[PDB]
Amino acid sequence: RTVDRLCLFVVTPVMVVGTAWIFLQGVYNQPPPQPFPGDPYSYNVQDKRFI
Amino acid sequence: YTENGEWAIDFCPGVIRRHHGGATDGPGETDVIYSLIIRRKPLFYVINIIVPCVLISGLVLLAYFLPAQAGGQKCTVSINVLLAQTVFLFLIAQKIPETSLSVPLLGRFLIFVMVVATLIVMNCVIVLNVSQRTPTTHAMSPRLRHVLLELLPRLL
Amino acid sequence: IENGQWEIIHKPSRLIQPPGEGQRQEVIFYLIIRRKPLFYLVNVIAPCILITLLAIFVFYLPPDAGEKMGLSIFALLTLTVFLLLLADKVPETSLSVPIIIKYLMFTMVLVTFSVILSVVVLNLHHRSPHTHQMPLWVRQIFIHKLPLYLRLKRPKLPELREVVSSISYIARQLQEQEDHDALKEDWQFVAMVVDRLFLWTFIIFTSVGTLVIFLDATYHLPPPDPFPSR
Amino acid sequence: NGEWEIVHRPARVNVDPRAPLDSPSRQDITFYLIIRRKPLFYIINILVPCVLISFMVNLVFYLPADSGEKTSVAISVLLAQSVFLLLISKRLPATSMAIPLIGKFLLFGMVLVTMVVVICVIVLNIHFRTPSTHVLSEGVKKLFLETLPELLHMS
Amino acid sequence: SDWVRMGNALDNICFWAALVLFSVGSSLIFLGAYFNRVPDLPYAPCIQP
Amino acid sequence: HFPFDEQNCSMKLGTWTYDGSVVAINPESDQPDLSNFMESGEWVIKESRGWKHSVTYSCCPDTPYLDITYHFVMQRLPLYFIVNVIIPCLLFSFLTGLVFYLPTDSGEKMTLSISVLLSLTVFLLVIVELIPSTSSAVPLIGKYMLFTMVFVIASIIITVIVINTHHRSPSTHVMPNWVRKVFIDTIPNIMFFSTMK
Amino acid sequence: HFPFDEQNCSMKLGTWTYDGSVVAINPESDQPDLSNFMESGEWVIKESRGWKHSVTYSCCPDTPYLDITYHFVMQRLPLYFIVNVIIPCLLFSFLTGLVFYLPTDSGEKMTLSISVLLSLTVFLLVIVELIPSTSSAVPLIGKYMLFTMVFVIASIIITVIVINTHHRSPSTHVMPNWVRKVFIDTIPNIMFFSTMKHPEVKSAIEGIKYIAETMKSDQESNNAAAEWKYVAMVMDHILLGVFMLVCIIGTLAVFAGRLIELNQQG
Ligand SMILES: *[C@@H]1O[C@H](CO)[C@@H](O[C@@H]2O[C@H](CO)[C@@H](O[C@@H]3O[C@H](CO[C@H]4O[C@H](CO)[C@@H](O)[C@H](O[C@H]5O[C@H](CO)[C@@H](O)[C@H](O)[C@@H]5O)[C@@H]4O)[C@@H](O)[C@H](O[C@H]4O[C@H](CO)[C@@H](O)[C@H](O)[C@@H]4O)[C@@H]3O)[C@H](O)[C@H]2NC(C)=O)[C@H](O)[C@H]1NC(C)=O
Ligand SMILES: *[C@@H]1O[C@H](CO)[C@@H](O[C@@H]2O[C@H](CO)[C@@H](O[C@@H]3O[C@H](CO[C@H]4O[C@H](CO)[C@@H](O)[C@H](O)[C@@H]4O)[C@@H](O)[C@H](O[C@H]4O[C@H](CO)[C@@H](O)[C@H](O)[C@@H]4O)[C@@H]3O)[C@H](O)[C@H]2NC(C)=O)[C@H](O)[C@H]1NC(C)=O
Ligand SMILES: *[C@@H]1O[C@H](CO)[C@@H](O[C@@H]2O[C@H](CO)[C@@H](O[C@@H]3O[C@H](CO[C@H]4O[C@H](CO)[C@@H](O)[C@H](O)[C@@H]4O)[C@@H](O)[C@H](O[C@H]4O[C@H](CO)[C@@H](O)[C@H](O)[C@@H]4O)[C@@H]3O)[C@H](O)[C@H]2NC(C)=O)[C@H](O)[C@H]1NC(C)=O
Ligand SMILES: *[C@@H]1O[C@H](CO)[C@@H](O[C@@H]2O[C@H](CO)[C@@H](O[C@@H]3O[C@H](CO[C@H]4O[C@H](CO)[C@@H](O)[C@H](O)[C@@H]4O)[C@@H](O)[C@H](O[C@H]4O[C@H](CO)[C@@H](O)[C@H](O)[C@@H]4O)[C@@H]3O)[C@H](O)[C@H]2NC(C)=O)[C@H](O)[C@H]1NC(C)=O
Ligand SMILES: CCCCCCCC/C=C/CCCCCCCC(=O)O[C@@H](COC(=O)CCCCCCCCCCCCCCC)COP(=O)([O-])OCC[N+](C)(C)C
Ligand SMILES: CC(C)CCC[C@@H](C)[C@H]1CC[C@H]2[C@@H]3CC=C4C[C@@H](O)CC[C@]4(C)[C@H]3CC[C@]12C
Ligand SMILES: CC(C)CCC[C@@H](C)[C@H]1CC[C@H]2[C@@H]3CC=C4C[C@@H](O)CC[C@]4(C)[C@H]3CC[C@]12C
Ligand SMILES: CC(C)CCC[C@@H](C)[C@H]1CC[C@H]2[C@@H]3CC=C4C[C@@H](O)CC[C@]4(C)[C@H]3CC[C@]12C
Ligand SMILES: CC(C)CCC[C@@H](C)[C@H]1CC[C@H]2[C@@H]3CC=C4C[C@@H](O)CC[C@]4(C)[C@H]3CC[C@]12C
Ligand SMILES: CC(C)CCC[C@@H](C)[C@H]1CC[C@H]2[C@@H]3CC=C4C[C@@H](O)CC[C@]4(C)[C@H]3CC[C@]12C
Ligand SMILES: CC(C)CCC[C@@H](C)[C@H]1CC[C@H]2[C@@H]3CC=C4C[C@@H](O)CC[C@]4(C)[C@H]3CC[C@]12C
């Protein structure tokens, strides 16, 4: 019973933390604000580049 | 002619139909309709699906003969027959037609045996609940005892 | 557009002359391409290794737990699920067997033998001491010789007359139960020794076979030259 | 689209200065689609079931050894994870550039469930020891019956 | 022991109930197909034997 | 509302290169012609209707753009999904609660609950191959599946707690006073009370 | 005989609209030209040959219709189906008989048998995915799969019978004389196993007597139960032998006929 309780308190946090790290890698994965890195232009109809 | 591996052509009459010959309809129309009455040869479904499913679904009746003790594994047999029937449902979903005008015989049989397995699982749970009653938790019902031990054998 | 599953090792082109009109030359463009197996390592090989480890560890499970059979047979069931996974991917020709199929069937055979030997261990453990008598060679091998090699150390007035009779009967029954327990403990110790022997045998066989297959896979390199001498 | 949302959608004239002016590869116009997956379907039908089934394996540590159903629970969780892996295998290509996030979680969960099965085997081995099989030393008793329970605040 | 005997009697009668249910339902479902032969139509066979 | 969903699917038709000032299209009838319509084994067309539309942009005042849109309201026939999806889920949901009538001493509570879970997991293959793989919304089938899965998991958790409680002894635990008060005295008075204390 | 099946597919060629009286076709050679044939990973062409045919119908006695039918006799290469289908079925069939060596007191007999059935049921998905699905006849793989399934089902049924016999209470059930004659007396001869005055003082005296009689009654009950357990034991050994023999004989009866035929043809 003592070994089981220790293994609970050791293994369950590891599972929770690993799952959290793996899934917060993806939840906060978004495309960049601009289509092309290094190019500030947004290529949107609101930001027209008049000649 | 080489017969199709699954379909035998039993009949094939042809009829020339004429229609829209009325004045309101205007010019008449015609066509030729052939009616292939074709019979399925169900040997594949019999050997690979129906017979194994029937035997596996018959296995739940064996649960009534296992002891109502810890090592009887009555519920093991019943619920694992249910799991095998779920596997057979996955197998059958790949083959059955996907229309909703009626329920196919294979689907009806599989749902029926699944319902029977569920009822027998409930029965095994009830029998185990009755069998493992001990004086330290449950009181002796005399009515049920008279019904099952005394009245039933004489009635039976 | 680089392929996600294939790396181009070589890419030569050759002019093939006719043998020795209707004769026709050819221009053959060769692509020697190596598969990048990360998907199969993640989805097949590592689960198989884990299942193999559990199949080993079933021999450390005590017989009295009543759980050896479930563990081994559900390991086999999981391996069947992985066979279903591989059925969609593996080639369907019959000139040779893929090495991953060889590894899968090797693991299936190990799990099957773990099931069989667990049944043997449970038969020894639950053996009736009254119906069965331990043969002397079984005693000598599995209680005296083998435990030393496996590092298994086994520890170690009518009323008064009728009352005397009852007490003597009770003591005799308890003595008989003690003898029965001694025989039952001998059988259980033999089962334990056999279980440890099978544990070490499975460790050795698993390690050797897995290493052989893995080294056969790892050392299969692409050809350094597109047209090697034969 | 029922699964893809357009984030960016630029258009560019690309001219390759290196190519000769008489090459078809000199000039082109490229229309790009940056598209974000809407993961509600995969969330509901895969991730919540898979994650919860993986997390239930930790319940074996709270199961008593006398229940006789510990390794069965753990190996069944492993089997369910294998079924989920079979599910994933039909949906993505077998590319080697990276392990998918769901694939990463499934590998992590399978490894942890295997460790939990091994731990359950060891715990059951400890639980069923008797004087006729093992010697219970005083050090093990001191460590596991007094010292670790008081640190763990056990009853 | 009285509880075990009660459980045994329940098991005995419910076995027969379940057997009748399974057999009758399966037989009815499959005899539904048994009477689904191709009708005896007033046409010659498509393939003359 | 899938599989009890009603759909409204349209067919927009127009002259691609001719505008209303050169070619004019008019509907032949208010409704599409369904006289030669084959029966569908999956859908019922409740309503059908064709409408003409004319659109004039501010940059082209003089060239109206015409179209005829034929729409069909279609109700799915749900029997196939009732038989092949809903009923097995209902059976699993029913089997979920039966573990709580099983005695702990049977040593089969986890067997039953985990086997129900495994059946649900295997049935997941059927459901995802049948359910639409779109993320616009959660179908009713998906909601019921998630309900069933979540509550078999909850039953497994609570069953582990119940089995842990059953196996307690004075050699490991001491009975709290509140547990005794709640479960031995108050609740059995509002129960069948056919069980000794 | 699948996957040890030989096939004979033809390719009938003819002038669709021209009869033999206006257009005559002749084969270039007796055999198809296989000089540029790519090796197949699934089939070996044992034989190939082209034959010309001329047919005159009753209502057209002056326009013979000509055709050239090429034909190829092909033998399937069965290694893929042997490895992927037959070997797992062999392993399941071998594991089917091991339940009869598993004692009843382990409490794991139904676990083993039912889980072998579950593994076979899951593998049925593999079989249906791999082999063709046709109803012209039962393939040899189909016969072997059905044999394995019926073998597992029979093992489960007989295991339930053995478990029922093992657990028979001696109070409710009384051992028939015939059961004792066959299983305890006759069969083990062929086998090698062993057959089967203050009030308080008087109250205490009667208590010792009652304890002694209670252990005596328990001993009789235990011996009577042990008779049933011995019967189940003997049945388990016989059934282990019978099931291993049935496994071997069934595998041979399924495969060895076609294997011997192919051996005789080479
Ligand atoms: C989606 O996917 C698209 C592609 O399908 C991505 O678009 C790409 O974005 C990147 C970054 O915004 C672009 O790279 C930049 O390119 C410019 C221009 O260089 C190009 O054009 C020149 C003529 O105008 C030409 O001379 C260049 O050729 C030289 O360079 C290349 C290598 O770039 C080399 O191979 C040649 O031999 C030549 O030497 C080239 O054709 C360039 O100026 C940028 O340089 C900046 O950024 C880099 C970052 O590494 C940095 O090192 C530099 O110092 C400098 O700061 C950069 O290379 C790429 O061209 C785009 N591809 C297209 C349009 O097809 C898009 O970003 C993706 N979106 C995402 C991920 O959201
Ligand atoms: C990928 O697959 C291709 C085939 O599609 C392989 O290409 C073959 O490679 C082999 C070995 O490199 C080649 O065999 C060699 O051919 C040489 C040229 O032969 C031609 O010319 C002579 C006259 O000069 C003709 O008689 C002959 O018919 C050919 O037309 C030979 O000179 C070589 O001989 C040498 O090796 C042999 C080995 O048996 C020795 O016996 C000789 O003494 C001598 O040392 C040899 O025969 C073959 O031609 C290639 N086929 C082609 C190009 O179509 C690739 O190797 C393979 N790549 C891999 C596996 O990485
Ligand atoms: C399924 O989905 C389809 C869309 O594909 C819906 O179709 C719409 O149906 C409604 C009717 O229920 C249509 O509304 C009607 O449009 C007529 C045509 O409008 C064109 O022509 C007029 C005249 O030139 C223009 O003014 C107009 O801009 C269009 O160019 C109108 O004549 C109708 O007017 C009638 O109703 C209004 C109600 O406000 C009254 O004020 C009027 O006096 C008159 O009684 C009406 O507006 C609509 O146009 C359709 N849209 C399409 C096809 O794109 C289905 O309704 C939907 N089904 C269900 C069950 O939801
Ligand atoms: C795989 O399947 C194919 C397709 O069915 C089989 O092909 C048959 O092969 C046999 C030979 O094994 C063929 O039999 C031979 O036919 C020849 C041509 O017949 C035509 O021409 C003659 C002459 O004009 C006509 O009389 C006849 O009606 C046809 O129009 C004959 O010349 C051969 O005669 C030889 O054998 C006979 C044996 O009785 C002798 O009497 C003769 O003297 C001579 O020696 C012979 O009859 C048959 O026609 C093929 N049928 C086809 C292609 O449809 C393969 O045999 C089969 N392979 C297996 C099972 O391994
Ligand atoms: C999974 C690993 C991490 C968790 C471990 C949990 C341990 C928790 C703490 C355990 C505390 C034990 C206290 C009581 C016993 C004290 C005396 C003693 O040590 O001897 C006892 C064992 O004791 C053990 O339980 C040792 C650990 C398990 C041994 C199995 C191999 C190592 C772990 C699994 C493989 C790891 C690698 C692969 C899988 C990752 C008696 O030993 P024996 O029975 O006479 O002989 C053993 C022989 N054997 C070792 C060959 C079997
Ligand atoms: C730890 C176990 C349950 C694994 C799964 C963890 C999931 C449920 C958690 C971990 C961190 C969470 C995110 C943390 C913060 C935010 C920002 C806020 O706008 C709510 C959504 C969002 C984006 C959460 C979504 C759910 C989330 C991704
Ligand atoms: C649950 C148990 C009792 C029965 C299992 C089989 C089920 C699937 C069977 C039993 C009765 C059957 C229904 C009986 C009659 C009809 C009317 C017909 O016009 C369409 C099919 C329909 C609606 C059937 C569908 C399938 C059905 C619901
Ligand atoms: C691993 C063991 C214990 C069980 C599984 C046996 C497997 C590995 C056996 C069964 C049949 C065997 C194949 C039979 C014949 C050939 C053809 C030739 O090219 C030699 C190797 C090859 C391709 C063998 C490779 C190994 C093989 C696939
Ligand atoms: C234990 C509970 C939380 C169930 C497990 C949830 C797991 C699977 C996690 C992993 C990633 C998570 C998602 C990541 C991002 C978001 C933020 C927002 O868009 C709503 C929730 C949503 C969509 C999360 C839902 C929960 C989620 C799917
Ligand atoms: C399975 C057991 C428990 C119940 C059986 C009930 C019977 C009466 C049910 C089950 C399936 C049903 C059939 C299912 C579908 C159809 C097609 C429909 O166009 C006419 C009715 C008909 C032909 C039904 C008639 C009644 C039916 C045969
Ligand atoms: C009772 C215990 C076992 C937990 C039961 C499962 C719980 C955690 C499940 C059941 C329903 C699930 C939610 C269903 C749908 C959504 C919307 C989407 O944004 C993803 C996350 C989110 C919000 C899920 C989070 C996890 C969830 C709340």
# chains A, B, ... in the order shown; residues from 1 in each chain; ligands from 1
$ residues_around --residues "segment 46-51 of chain F" --least-positions-apart "5" --cutoff "8 Å" --atoms "only C-alpha atoms" --output "PyMOL selection string"
chain F and resi 27+29-32+68-75
$ write_last_selection --atoms "C-alpha atoms" --output "compact mmCIF listing (two decimals), in the first residue's frame"
# COMPACT_ATOMS: atom_id res chain seq x y z
CA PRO F 27 -37.88 30.12 -64.79
CA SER F 29 -42.03 26.95 -63.42
CA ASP F 30 -42.16 28.09 -59.82
CA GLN F 31 -40.89 24.65 -58.71
CA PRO F 32 -38.43 22.10 -60.13
CA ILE F 68 -32.11 31.26 -61.08
CA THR F 69 -31.56 29.44 -57.79
CA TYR F 70 -33.37 26.13 -57.27
CA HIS F 71 -33.48 25.05 -53.62
CA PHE F 72 -34.52 21.72 -52.11
CA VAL F 73 -35.37 21.13 -48.46
CA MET F 74 -34.27 17.59 -47.57
CA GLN F 75 -35.01 15.67 -44.37
$ residues_around --residues "segment 19-23 of chain E" --least-positions-apart "4" --cutoff "9 Å" --atoms "only C-alpha atoms" --output "MDAnalysis selection string"
(chainID B and resid 57:58 61 112:113 116) or (chainID E and resid 14:15 27:28)
$ closest_atom_pairs --of "chain A" --to "segment 119-140 of chain D" --cutoff "8 Å" --atoms "only C-alpha atoms" --output "CSV"
residue,atom,partner,partner_atom,distance
A:3,CA,D:123,CA,6.9
A:4,CA,D:123,CA,6.9
A:7,CA,D:119,CA,7.9
$ residues_near_ligand --ligand "ligand 10" --cutoff "6 Å" --atoms "only C-alpha atoms and all ligand atoms" --output "list in words"
residues 102, 103 and 112 of chain B; 25 and 29 of chain E
$ residues_around --residues "residue 118 of chain C" --least-positions-apart "2" --cutoff "12 Å" --atoms "only C-alpha atoms" --output "PyMOL selection string"
(chain C and resi 55-63+66-73+110-116+120-125+191-192+194-199+202) or (chain G and resi 95+98-99+101-103+106+108+112)
$ residues_near_ligand --ligand "ligand 4" --cutoff "10 Å" --atoms "only C-alpha atoms and all ligand atoms" --output "PyMOL selection string"
chain G and resi 6-12+46-56+66-74
$ decode --residues "segment 56-154 of chain F" --atoms "C-alpha atoms" --output "CSV table (one decimal), in the first residue's frame"
chain,number,residue,atom,x,y,z
F,56,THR,CA,-26.9,45.4,-60.1
F,57,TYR,CA,-23.5,46.6,-58.9
F,58,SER,CA,-22.7,50.3,-58.3
F,59,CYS,CA,-19.9,50.1,-60.8
F,60,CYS,CA,-22.1,48.6,-63.6
F,61,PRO,CA,-25.5,50.4,-63.4
F,62,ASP,CA,-26.6,49.3,-66.9
F,63,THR,CA,-25.8,45.5,-66.9
F,64,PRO,CA,-27.9,43.5,-64.4
F,65,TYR,CA,-26.7,40.0,-63.6
F,66,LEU,CA,-29.4,37.4,-63.5
F,67,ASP,CA,-29.6,34.0,-61.8
F,68,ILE,CA,-32.1,31.3,-61.1
F,69,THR,CA,-31.6,29.4,-57.8
F,70,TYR,CA,-33.4,26.1,-57.3
F,71,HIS,CA,-33.5,25.0,-53.6
F,72,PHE,CA,-34.5,21.7,-52.1
F,73,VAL,CA,-35.4,21.1,-48.5
F,74,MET,CA,-34.3,17.6,-47.6
F,75,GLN,CA,-35.0,15.7,-44.4
F,76,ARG,CA,-32.6,12.8,-43.6
F,77,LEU,CA,-34.1,9.4,-43.0
F,78,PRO,CA,-32.6,8.5,-39.6
F,79,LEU,CA,-33.3,4.8,-39.3
F,80,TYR,CA,-29.8,3.7,-40.4
F,81,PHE,CA,-28.1,5.8,-37.8
F,82,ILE,CA,-30.7,4.8,-35.2
F,83,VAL,CA,-30.0,1.1,-35.7
F,84,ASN,CA,-26.2,1.3,-36.3
F,85,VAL,CA,-25.2,4.1,-33.9
F,86,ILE,CA,-27.8,5.2,-31.3
F,87,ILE,CA,-28.9,1.8,-30.0
F,88,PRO,CA,-25.4,0.4,-29.3
F,89,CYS,CA,-24.6,3.6,-27.4
F,90,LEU,CA,-27.8,3.3,-25.4
F,91,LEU,CA,-26.9,-0.3,-24.6
F,92,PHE,CA,-23.5,0.8,-23.4
F,93,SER,CA,-25.1,3.6,-21.3
F,94,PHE,CA,-27.5,1.1,-19.7
F,95,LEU,CA,-24.6,-1.4,-19.0
F,96,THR,CA,-22.6,1.4,-17.4
F,97,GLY,CA,-24.9,1.6,-14.3
F,98,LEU,CA,-25.1,-2.2,-13.7
F,99,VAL,CA,-21.7,-2.3,-12.1
F,100,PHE,CA,-23.2,-0.5,-9.0
F,101,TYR,CA,-25.5,-3.5,-8.4
F,102,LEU,CA,-22.5,-5.9,-8.5
F,103,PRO,CA,-21.1,-7.0,-5.2
F,104,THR,CA,-17.4,-6.0,-4.6
F,105,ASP,CA,-16.7,-9.6,-3.4
F,106,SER,CA,-17.5,-10.8,-6.9
F,107,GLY,CA,-14.2,-9.5,-8.1
F,108,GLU,CA,-15.7,-8.4,-11.5
F,109,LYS,CA,-16.7,-4.8,-11.2
F,110,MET,CA,-13.6,-3.5,-13.0
F,111,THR,CA,-14.0,-6.3,-15.5
F,112,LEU,CA,-17.6,-5.1,-16.4
F,113,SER,CA,-16.8,-1.4,-16.4
F,114,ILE,CA,-13.5,-1.7,-18.3
F,115,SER,CA,-15.2,-4.1,-20.9
F,116,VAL,CA,-17.9,-1.5,-21.4
F,117,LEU,CA,-15.2,1.1,-22.0
F,118,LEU,CA,-13.4,-1.2,-24.4
F,119,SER,CA,-16.6,-1.8,-26.3
F,120,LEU,CA,-17.2,2.0,-26.5
F,121,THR,CA,-13.6,2.5,-27.8
F,122,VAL,CA,-14.0,-0.2,-30.5
F,123,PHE,CA,-17.3,1.4,-31.4
F,124,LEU,CA,-15.5,4.7,-31.8
F,125,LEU,CA,-14.3,3.2,-35.2
F,126,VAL,CA,-17.9,2.8,-36.4
F,127,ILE,CA,-18.9,6.3,-35.1
F,128,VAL,CA,-16.0,8.3,-36.6
F,129,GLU,CA,-16.3,6.4,-40.0
F,130,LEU,CA,-20.1,7.2,-39.9
F,131,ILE,CA,-20.2,10.6,-38.2
F,132,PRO,CA,-19.4,13.7,-40.4
F,133,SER,CA,-15.8,14.8,-40.0
F,134,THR,CA,-16.6,18.5,-39.8
F,135,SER,CA,-16.0,21.1,-37.0
F,136,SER,CA,-18.8,23.5,-37.7
F,137,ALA,CA,-20.7,22.1,-34.8
F,138,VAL,CA,-21.1,19.0,-32.6
F,139,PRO,CA,-23.7,16.5,-34.0
F,140,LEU,CA,-26.3,15.0,-31.6
F,141,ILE,CA,-24.6,11.7,-32.2
F,142,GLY,CA,-21.3,13.1,-31.1
F,143,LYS,CA,-22.9,14.7,-28.1
F,144,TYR,CA,-24.4,11.4,-27.1
F,145,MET,CA,-21.2,9.5,-27.7
F,146,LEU,CA,-19.2,12.0,-25.5
F,147,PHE,CA,-21.9,11.7,-22.8
F,148,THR,CA,-21.7,7.9,-22.8
F,149,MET,CA,-17.8,7.9,-22.8
F,150,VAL,CA,-17.6,10.6,-20.0
F,151,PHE,CA,-20.0,8.7,-17.8
F,152,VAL,CA,-18.4,5.3,-18.2
F,153,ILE,CA,-15.2,7.0,-17.2
F,154,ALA,CA,-17.0,8.5,-14.2
